[PDB]
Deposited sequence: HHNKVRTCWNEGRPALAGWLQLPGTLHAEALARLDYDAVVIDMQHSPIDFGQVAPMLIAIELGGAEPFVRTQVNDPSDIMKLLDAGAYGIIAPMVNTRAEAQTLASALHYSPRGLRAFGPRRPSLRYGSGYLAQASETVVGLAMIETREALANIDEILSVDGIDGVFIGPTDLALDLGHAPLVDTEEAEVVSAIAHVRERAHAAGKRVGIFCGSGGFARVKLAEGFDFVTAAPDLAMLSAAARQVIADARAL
């Protein structure tokens, strides 16, 4: 009867999983670990709509909040995921206030936005739903370009979104650096600390994508509200590489 991430915030940060691999079984198993949410990546993965739909059900059963990082900031895409029981939306490449308004417009019924009414899965979870519907959903605009960085105060002024979510590898690449996992490039570190500073100054939430528990520990200690660690494919490949090395030793 509550968004698990919003419950954290009403008390603390949320730690979230991150899925690049389609399917229900790992999604349920990771949801039952000490993750507050699990994010399904529809941008940089083979996950289409038909594949994401049962994964959202698997995450909720595991007892974590089902989040989707979308392919694009498209209102109608975002609406169909909310009606399929995505209760968190991370939209990539939100570069301007107008783009942040487009995201906010998808997350709220009229009068606060233009979300189309047909809440197939949320009406089953919440039963009462319409009266609390905006609170059931967390919305974060991705900051991952020099343009998004310049427009940070503009983007954070948008009511309807909870805050921003840093894509550090795309931010590093767009600033002319190596697209390093958990990049500590001094200019990129500066930009990230600036985004976190401006989000907290406007009374908004800030999140960040991490490639490691180590990096995620530091981001939590830095006061980020929403930390993801680490992609299922990345954790699985590293574990298999270590299992093989130990076998062949």
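Residues of the deposited sequence that lack C-alpha coordinates fall in the stretches 12, 129, 252.
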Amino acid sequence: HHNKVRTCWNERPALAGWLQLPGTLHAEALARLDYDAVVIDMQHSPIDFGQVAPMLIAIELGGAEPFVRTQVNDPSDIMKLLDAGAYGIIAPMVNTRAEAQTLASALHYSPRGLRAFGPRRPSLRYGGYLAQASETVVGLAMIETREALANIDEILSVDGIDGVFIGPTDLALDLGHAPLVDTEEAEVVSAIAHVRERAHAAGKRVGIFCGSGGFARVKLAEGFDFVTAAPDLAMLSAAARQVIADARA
From here on, numbers count along this sequence of modelled residues.
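Stretches compared: 172 to 180, 88 to 96. Higher mean C-alpha B-factor in the entry: 172 to 180. The PDB entry assigns its highest CA temperature factor, among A37, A186, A27, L61, to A186.
Annotation for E135, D77, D162, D83: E135 ranks highest, by Cα B-factor. Looking at the C-alpha B-factors along this chain, the one for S45 belongs to the highest third.
Looking at the C-alpha B-factors along this chain, the one for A245 belongs to the middle third.
When the modelled residues of the chain are ordered by their C-alpha B factor, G118 lands in the middle third. The PDB entry assigns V72 a C-alpha temperature factor belonging to the lowest third of its chain's modelled residues. Among the modelled residues of its chain, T145 has a C-alpha B-factor that falls in the highest third, as given in the PDB entry.
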